[PDB]
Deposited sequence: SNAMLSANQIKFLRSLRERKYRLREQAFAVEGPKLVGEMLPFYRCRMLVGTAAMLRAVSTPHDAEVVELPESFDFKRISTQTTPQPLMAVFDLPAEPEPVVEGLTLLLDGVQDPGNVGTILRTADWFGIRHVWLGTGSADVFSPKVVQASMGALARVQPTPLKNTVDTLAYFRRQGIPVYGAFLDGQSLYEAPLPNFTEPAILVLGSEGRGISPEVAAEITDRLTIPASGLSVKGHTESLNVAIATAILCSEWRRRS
């Protein structure tokens, strides 16, 4: 019936990376995203109006707080127009990176918008793993989560400790490492593995592209050819969509 001062402080703290890390927790807002992600994440706390709570299966072993219609969700939400349901989930026990089929690596893709779009594209085409390298946006930040369209239900995201070490390691096991560059083989001419076969595809920011140290680990450079009326770069999420589509078309 009332959130305690401690609960409100806890909920509000999760908008900061510092506290997500300390608490090993992150929040998700609204029935659509909470409903979709409940089966896949460990729910610690679920706060909502009665009408919202009845629509989701009560999480096993969570603190569930039913709030009145009058409760102002701006007290706890990060959203300009809050929805009356907020869940707190455990941050996944940070995994070893795994390659299962085509696997995206985002090298320094800092923009939260771009990362969210990429997650949705990965989900659309059935990418199972998205790795996040040095300087990439935090996928569990509210900005990414709220723009994810449920993608975190099915796309496992992996912040990397050492991108180069990881690439070198998988590369030496004979997993092909593709990279999107402005100079390289046309993606239409490159023979590609089936979507279900192990492969890593590295994407950098349009601002700086793939860093030199990461580029050194790439086995196969791919380019999306330009063909305009004058003989720079495509937005990284756009390039990702083009690459994934083509990988799937051939599968």
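- Item | Stretches of the record's deposited sequence for which the structure holds no C-alpha atoms | Missing C-alpha atoms (numbering from 1) occur across the ranges 1 to 2, 234 to 237.
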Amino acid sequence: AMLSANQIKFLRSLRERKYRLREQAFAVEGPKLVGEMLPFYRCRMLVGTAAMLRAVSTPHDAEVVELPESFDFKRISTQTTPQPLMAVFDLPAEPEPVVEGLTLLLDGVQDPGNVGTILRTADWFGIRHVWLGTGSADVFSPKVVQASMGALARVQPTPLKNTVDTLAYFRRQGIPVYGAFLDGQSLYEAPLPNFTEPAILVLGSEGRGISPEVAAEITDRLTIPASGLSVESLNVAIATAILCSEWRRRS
From here on, numbers count along this sequence of modelled residues.
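- Task: Averaging the C-alpha B factors as listed in the entry, name the stretch that ends up higher: 72 to 80 or 91 to 99.
- Result: Mean B over CA atoms: larger for 91 to 99.
- Sorting the chain's CA B-factors, does residue 221 end up in the lowest, middle or highest third? Answer is middle: the recorded C-alpha B-factor places it there.
- Against its chain's modelled residues, does residue 204's Cα B factor rank lowest, middle or highest third? Tercile = highest for this residue's CA B-factor.
- Task: Taking the values exactly as deposited, rank residue 51 by C-alpha B-factor within its chain and report the matching third: lowest, middle or highest.
- Result: As the PDB entry reports it, the C-alpha B-factor of residue 51 lands in the lowest third of its chain.
- Task: Going by the recorded CA B-factors, say which third of the chain residue 181 sits in, lowest, middle or highest.
- Result: It falls in the top third of the chain.
- residue 45, C-alpha B-factor rank within chain (lowest, middle or highest third): For residue 45, whose C-alpha B-factor we compare with every modelled residue in the chain, the answer is the highest third.
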